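Read the numbers this way: they start at 1 and go in the same order the structure lists the ligands and their atoms. Convention: sequence-line order gives letters A, B, ...; per-chain numbering from 1. Heavy atoms only: backbone and side chains are in, while hydrogens, waters and symmetry mates are out.
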Amino acid sequence: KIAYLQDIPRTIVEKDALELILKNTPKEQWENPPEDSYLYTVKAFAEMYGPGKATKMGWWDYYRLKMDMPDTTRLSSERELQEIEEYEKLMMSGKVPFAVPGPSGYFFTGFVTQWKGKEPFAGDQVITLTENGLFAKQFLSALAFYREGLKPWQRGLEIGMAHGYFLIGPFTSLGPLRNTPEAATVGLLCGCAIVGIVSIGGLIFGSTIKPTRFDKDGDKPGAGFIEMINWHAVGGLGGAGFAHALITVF
Amino acid sequence: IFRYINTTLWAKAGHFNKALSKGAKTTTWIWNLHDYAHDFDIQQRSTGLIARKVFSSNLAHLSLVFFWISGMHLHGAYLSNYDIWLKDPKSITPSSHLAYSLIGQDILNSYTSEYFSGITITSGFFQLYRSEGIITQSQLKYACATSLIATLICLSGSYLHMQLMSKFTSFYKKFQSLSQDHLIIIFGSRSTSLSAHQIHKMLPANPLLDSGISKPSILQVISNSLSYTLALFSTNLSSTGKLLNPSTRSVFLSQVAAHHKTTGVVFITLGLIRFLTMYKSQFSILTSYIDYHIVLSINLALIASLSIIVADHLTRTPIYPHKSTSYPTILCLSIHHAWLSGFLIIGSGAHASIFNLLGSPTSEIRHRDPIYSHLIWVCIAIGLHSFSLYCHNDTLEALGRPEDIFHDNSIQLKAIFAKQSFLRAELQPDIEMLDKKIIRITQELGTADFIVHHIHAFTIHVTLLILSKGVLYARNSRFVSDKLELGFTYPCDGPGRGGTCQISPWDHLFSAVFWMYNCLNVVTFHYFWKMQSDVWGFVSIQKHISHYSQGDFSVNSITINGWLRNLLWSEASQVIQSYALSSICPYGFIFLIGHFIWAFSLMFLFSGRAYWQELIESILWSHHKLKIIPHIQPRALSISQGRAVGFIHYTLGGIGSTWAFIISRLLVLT
Amino acid sequence: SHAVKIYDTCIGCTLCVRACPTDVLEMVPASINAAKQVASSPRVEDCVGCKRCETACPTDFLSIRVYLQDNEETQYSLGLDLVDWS
Amino acid sequence: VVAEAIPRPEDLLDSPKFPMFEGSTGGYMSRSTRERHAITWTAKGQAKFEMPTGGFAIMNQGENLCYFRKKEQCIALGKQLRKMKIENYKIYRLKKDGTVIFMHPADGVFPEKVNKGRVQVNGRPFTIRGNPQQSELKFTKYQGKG
Amino acid sequence: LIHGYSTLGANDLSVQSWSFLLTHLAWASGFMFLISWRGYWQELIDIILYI
Amino acid sequence: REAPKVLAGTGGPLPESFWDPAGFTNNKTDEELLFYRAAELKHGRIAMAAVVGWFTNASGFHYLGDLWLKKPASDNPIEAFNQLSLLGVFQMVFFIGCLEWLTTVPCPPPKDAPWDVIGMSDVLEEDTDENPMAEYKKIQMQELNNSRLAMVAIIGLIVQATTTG
Ligand code: CLA
Ligand code: CLA
Ligand code: CLA
Ligand SMILES: CC1=C(/C=C/C(C)=C/C=C/C(C)=C/C=C/C=C(C)/C=C/C=C(C)/C=C/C2=C(C)CCCC2(C)C)C(C)(C)CCC1
Ligand code: SF4
């Protein structure tokens with residue numbers, strides 16, 4: 001075995017502490033401890049003080065030696081070493097022990113979410129719960145923009161109804177004429193104007209970028225997107241009018 | 001051992017770094033020598049020398065702080081009106097700071113007492129001394145002597161540890177030992193020691209002064225020998241903080257002593273608990289953060305957070321006697337600790353970046369794009385929301401439509417959680433006052449407070465965005481894929497890829513300093529205006545309150561023009577009209593100098609070093625013409641140094657401007 | 001794309017080649033210096049423009065000169081990562 | 001020199017040549033980019049290294065293969081490998097169609113090592129000051145490109 | 001000028017005060033284009049584009 | 001047990017004690033047992049929020065309901081329900097109705113784990129061997145044991161309130 005690790009006096013370092021050092025230190029470093037490693041000091045002293053060597057030390061030299069050796073509490077135990085050796089294995093295997101940020105910190109949720117996607121080198125395929133979970137996937141797929149089997153005008157109508165119904169509120173309330181007796185027809189006009197402006201922007205997008213994911217086969221490129229935008233304008237008008245009708249009637 | 005402590009390297013400047021061994025060929029060598037002076041990591045020799053340097057430098061700085069404390073104590077014993085302040089603190093401004101009668105500087109000393117003229121100090125040292133039971137000049141003499149002895153001891157220890165520690169030294173790496181002994185023996189066993197000090201020297205003394213015996217029978221009663229007074233002599237039941245001491249306008253010192261005793265007990269019990277408590281989750285943090293720069297960053301962030309807590313807790317949780325009425329002291333104690341919180345937070349970010357570049361980072365750096373992206377979005381959201389409520393109020397007030405602005409008398413944004421935050425203090429439904437001065441009244445939070453708190457949140461988030469972006473994108477980025485090899489601080493990677501200026505973490509700190517300064521200038525202004533408008537001020541015997549700003553905050557701070565007019569213009573009348581006025585001449589002059597320095601920084605901030613290098617070469621032509629050859633070749637400042645100088649001058653000038661503006665006004669009003 | 005030109009003053013350091021982060025430069029044999037080699041820039045379409053080659057060149061004035069052309073930028077000369085121009 | 005058969009990264013999921021790497025958001029942005037750069041090398045021991053796109057990695061004792069969006073990242077990883085005495089690494093540019101273009105050790109010899117058959121491209125036979133004045137070449141072939 | 005528009009009424013200098021504040025904002029806004037330089041923002045734009 | 005093995009090691013005082021002192025699970029099929037758990041977790045998850053909602057409302061924090069009724073509603077959560085404006089209650093029902101619709105029809109949980117309403121099963125491992133993770137079974141215990149306590153707790157609140165105040 002290694003020469004300097006045999007018959008080392010307990011006064012230099014205790015048996016349990018030495019075993020803890022040897023466990024913490026990687027095996028390949030036992031023969032020649034590097035430098036600034038407790039094992040390096042153990043070697044540099046056990047080769048000077050021992051049974052066949054200098055058996056006594058000055059009180060100050062021994063005091064300084066006792067403050068260079070580990071104090072039996074600053075060394076990781078077997079379970080902690082297992083924690084590290086397995087945490088690093090998880091991290092390198094592409095799996096992340098799931099954690100959630102909290103009040104300046106994060107709680108470990110005790111879950112192994114496989115992190116690297118199907119393309120391990122792709123940066124945007126790292127799968128997370130909020131985008132790649134079952135609920136997230138089915139929610140995104142079932143949106144009007146993505147729902148299967150919807151004609152482009154249906155997607156446009158649904159999105160427009162949502163936008164037009166919502167956009168009335170910010171104007172009819174806390175608007176310039178929020179306290180007038182009408183106070184809602186103004187909001188209706190402003191919401192219809194916002195719907196028209198964003199529809200014009202969508203028409204610009206469809207006449208410049210021309211997305212072709214909604215076009216049926218053998219059609220003018222971007223025709224599906226243009227139809228979706230026109231029916232979004234129609235749906236925005238309808239939703240704004242419906243919200244105004246509900247506000248006035250009720 | 002100590003035979004190697006030789007002066008032979010004193011003449012050999014730049015010895016510590018092997019990049020400076022070529023000699024001072026250019027003037028850049030001087031700046032590099034100053035820049036690498038404390039960078040022990042990159043200096044020559046093994047890692048043991050790094051530990052020795054770090055520990056001994058810590059001891060030397062501790063000796064420096066002790067020397068500063070000793071200087072303050074000697075100023076208080078031999079260059080102060082602390083006697084008359086003790087006799088009548090409500091009529092005498094603290095002053096342990098004189099000015100020599102040279103160049104007419106005599107105009108700086110002002111009337112503080114009938115027998116004393118000097119500069120009104122706002123450090124709050126007099127209140128600290130009174131809370132420390134210091135009455136006679138001999139006590140301050142011995143405090144100064146003990147602080148000088150501590151300075152000598154710490155200096156000698158710093159000298160010794162450069163050779164006591166060796167290559168085998170390992171006591172600094174024993175983090176379990178450090179944490180345990182620190183926690184128990186200092187936070188627990190020294191907190192109870194201070195509790196003992198208070199119970200045995202303050203309660204025997206401070207109640208005697210509050211009992212009206214400023215005489216205290218000289219030493220017959222003041223010099224202890226008062227075991228017939230009981231420890232909890234005047235607790236008056238109640239709850240700590242609900243009822244203040246009516247005489248000194250502060251929490252009773254018996255309650256403070258009990259607090260220190262209980263906090264020491266709690267710290268000792270936590271040290272005992274740490275033998276078996278919650279672990280194995282911060283364990284990756286435990287193993288990956290054993291390095292100088294990471295622990296330095298952690299400690300800097302912690303100390304800065306504690307500093308901001310101190311800033312907010314020193315003002316309206318009055319602990320010190322006769323300190324709540326001393327409004328300049330309260331203002332200084334809040335604002336100085338606010339600035340230190342900001343600066344040390346920025347330093348924590350910088351050393352986090354340094355640790356990332358030297359050590360190996362952790363798991364959070366791999367999803368850095370979502371982190372530093374949602375941070376971007378939140379910064380944009382609260383900037384386009386908080387500030388613009390000011391822009392909206394401003395525009396609609398200029399248009400003459402006050403009913404459409406965000407105010408209390410208009411569309412109002414109620415501070416719901418703060419208004420439901422009566423948990424803190426929970427005092428009785430009235431105010432407290434000592435002598436024509438308000439001690440503390442609850443700040444009624446309305447719309448303006450809501451908007452300014454959101455401004456604070458926005459500025460904090462943007463500064464944090466800069467810091468975390470520098471930290472997370474230190475090793476590499478989609479822009480440059482080998483930022484690790486470029487080091488910690490570099491000007492750029494070149495004009496390529498469109499331009500790579502200021503990608504280094506050092507430049508991220510450079511921007512973050514500007515943003516932190518902008519962040520807590522608003523904090524300083526919010527505090528300075530809110531306290532004057534709604535807390536501080538005179539009183540009327542009919543229970544009516546006349547504040548200093550006459551309630552300008554709730555009616556003017558809703559618009560940027562209100563801040564410009566009622567804070568930076570109307571409240572700057574004291575500092576601007578401060579010439580030939582005895583106390584406040586230096587504050588007006590320093591206001592002017594701060595403006596000059598702040599504008600001077602812009603020369604370094606806006607310009608590049610190539611123009612200055614070419615100008616220096618043009619001048620060097622004339623020097624060479626007359627056979628005047630500087631062999632230390634004149635080179636313009638390096639890009640990083642230009643940015644550093646610009647940032648330093650910018651922050652220094654702005655801080656000086658605010659400093660003069662607030663201090664002169666509070667000295668005039670008081 | 002930028003324009004990276006090599007001049008006759010080259011002394012075959014190979015430092016410019018080693019400093020290039022996108023393998024724009026290369027060493028070619030020549031007979032105008034004691035090193036019997038001069039630099040060449042056969043792939044300036046990959047030149048981002050970092051000018052590390054100019055930093056590494058020890059001749060009195062750089063034997064390698066990079067001329068920035070901003071109205072000329074391609075996806076390779078800009079180091080585009082999130083976006084493809086092909 | 002024989003170019004390898006580097007397949008498109010979207011068609012080589014779960015390959016044995018991929019080193020064990022942690023995986024981060026810094027990888028090439030799919031769904032928007034189709035041009036990928038691939039670097040392959042043969043190592044001797046599973047020595048840990050650092051990916052150019054954040055996160056660390058462990059090589060394989062045999063062949064290795066990595067995909068990156070930019071040639072700069074591949075060259076940075078190549079320098080990092082060459083610091084570990086790992087030669088014989090090749091960097092390929094993958095076209096959208098899947099065409100493989102052999103880029104970095106173009107002639108099989110690293111660019112810092114002189115190889116026969118090379119010619120000084122973009123060479124100018126004078127000192128840098130020998131360039132003609134821009135004013136002289138106005139409205140010629142070299143209007144602003146002296 | 002500062003008294004132009006306030007919580008006491010407005011004068012015919014209200015436009016002057018509003019433009020005063022707007023030009024202060026414009027002057028300070030150009031500081032970041034002069035002090036902060038490109039690479040920081042290029043990384044910021046890369047992050048936003050990632051989003 | 002056979003079929004109760006699909007919900008094994010997940011109940012009882014100690015985690016691996018199949019309690020069932022009524023035979024409610026024996027003779028029942030695997031899908032029925034999984035559906036019984038889906039009912040248990042859904043009751044418990046609502047019970048946990050119900051208890052939290054009860055306490056933040058019985059202490060004096062009913063802002064939306066104090067700002068809608070223009071008066072501080074009574075602290076007693078049962079009595080505060082009556083005072084709460086009928087518009088508020090109907091919107092409360094509709095929001096839960098949308099959530100219940102959303103989970104069931106558009107984004108259905110799997111049929112093997114009908115309680116994965118967020119759907120971690122497509123990114124979770126649950127079968128690895130790491131210690132600093134793969135404690136997902138333990139956090140399943142904490143959800144179930146806490147939720148079961150919340151179920152009897154909230155009933156105690158309602159029963160005591162409706163009887164002994
Ligand atoms: C007063 C000058 C000023 C202003 C306005 C800004 C503004 C900004 N800085 Mg900036 N900065 C400045 C000076 C300034 N900086 C200086 C001097 C430095 C020193 C180097 C920096 C350094 C700096 C850094 C380092 C960072 C910022 C960031 C930001 C952005 C975060 C705040 C935000 O999104 O709010 C929104 C922007 C506003 C201006 C708020 C008001 C918006 C108006 C009032 C509402 C809209 C007007 C309306 C639509 C009119 C339409 C236009 C009209 C033509 C029709 C923002 C664009 C951070 C960033 O971008 O991260 C997100 C960041 O990282 N800055
Ligand atoms: C406990 C606190 C602490 C400690 C121990 C360190 C330690 C260190 N820092 Mg550091 N830092 C800190 C706080 C701290 N810092 C804070 C709060 C900030 C934020 C501003 C920084 C920002 C910072 C940066 C940006 C950098 C460091 C660097 C360094 C390293 C070398 C420092 C050096 O050689 O400078 C030598 C010392 C000086 C040059 C001091 C010059 C004086 C300063 C610059 C101006 C002060 C003006 C003064 C206050 C006003 C004058 C008064 C006027 C009236 C005349 C070293 C490890 C550098 C490094 O490379 O790290 C490895 C580096 O690049 N730090
Ligand atoms: C909605 C109620 C509900 C449902 C459907 C389940 C369902 C389940 N529990 Mg369970 N449990 C609940 C509430 C519920 N629990 C509560 C509140 C507690 C705390 C005491 C427990 C404690 C518990 C333990 C300790 C264990 C289970 C187990 C199980 C599983 C085995 C099937 C079973 O026990 O009978 C399913 C059928 C029912 C529970 C029928 C509901 C009760 C009927 C209707 C009569 C109860 C009426 C009651 C007396 C009066 C109501 C008021 C009351 C509060 C006083 C199954 C998934 C076992 C398991 O999976 O471990 C592996 C197990 O060991 N449970
Ligand atoms: C807060 C909340 C939330 C959210 C929510 C939301 C987002 C909502 C929305 C809502 C909405 C947004 C709704 C809307 C609706 C709409 C509607 C309901 C519409 C309708 C329309 C109509 C019906 C129309 C019709 C028409 C047409 C189409 C045309 C012609 C004319 C007429 C009128 C006939 C969450 C969950 C996050 C959480 C918490 C709570
Ligand atoms: S660094 Fe300059 S001198 Fe050296 S080989 Fe390259 S171009 Fe020639």
Near F/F18 (heavy-atom distance under 4.0 Å), the atoms of ligand 3 are 62 (C), 64 (O)
Would you check if there is a donor-acceptor pair between the side chains of C/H2 and C/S77 at a distance under 3.5 Å?
-> no
Do we see a donor-acceptor contact under 3.5 Å between the side chains of F/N57 and F/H62?
-> no
Counting each atom of ligand 5 from 1 as listed, which ones have a heavy atom of [X] under 4.0 Å away?
X     : value
C/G12 : 5 (S)
C/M27 : 5 (S)
C/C16 : 1 (S), 5 (S), 6 (Fe), 7 (S)
C/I11 : 3 (S), 8 (Fe)

Is C/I6 in contact with ligand 5, taking contact as a heavy-atom separation below 4.0 Å?
-> no
Does at least one non-hydrogen atom of F/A8 fall below 4.0 angstrom from an atom of ligand 3?
-> no
The protein heavy atom nearest to atom 11 (C) of ligand 4 is A/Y165 CD2, 5.0 Å
Does atom [atom1] of [X] have more than 12 heavy-atom neighbours from other groups under 6.0 Å away?
X      : atom1 : value
D/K79  : NZ    : yes
C/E45  : CD    : no
F/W54  : CH2   : yes
A/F139 : CZ    : no

Is there at least one pair of N or O atoms, one from F/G9 and one from ligand 3, spaced under 3.5 Å apart?
-> no
Less than 3.5 Å between some nitrogen or oxygen of F/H43 and one of ligand 3, yes or no?
-> no
Verify the ring-centre separation between A/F214 and A/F145: is it less than 6.0 angstrom?
-> yes
Under 4.0 Å between heavy atoms, the region of F/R37 that gets near ligand 3 turns out to be both
Under-4.0 Å heavy-atom contact with ligand 3, by part of F/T25 that carries it = side chain
Does C/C13 bring an N, O or S atom to under 2.8 Å of atom 4 (Fe) of ligand 5?
-> yes
Counting backbone and side chain alike, does C/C10 bring an N/O/S atom below 2.8 Å of atom 2 (Fe) of ligand 5?
-> no
Thinking salt bridges, do C/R52 and B/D493 make one under a 4.0 Å N-O criterion?
-> yes
Evaluation steps, salt bridge (charged side-chain N to carboxylate O under 4.0 Å, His left out), between A/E227 and A/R155 | CA-CA 10 Å; A/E227 176 184 352; A/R155 319 181 191 268; over 6 Å; no
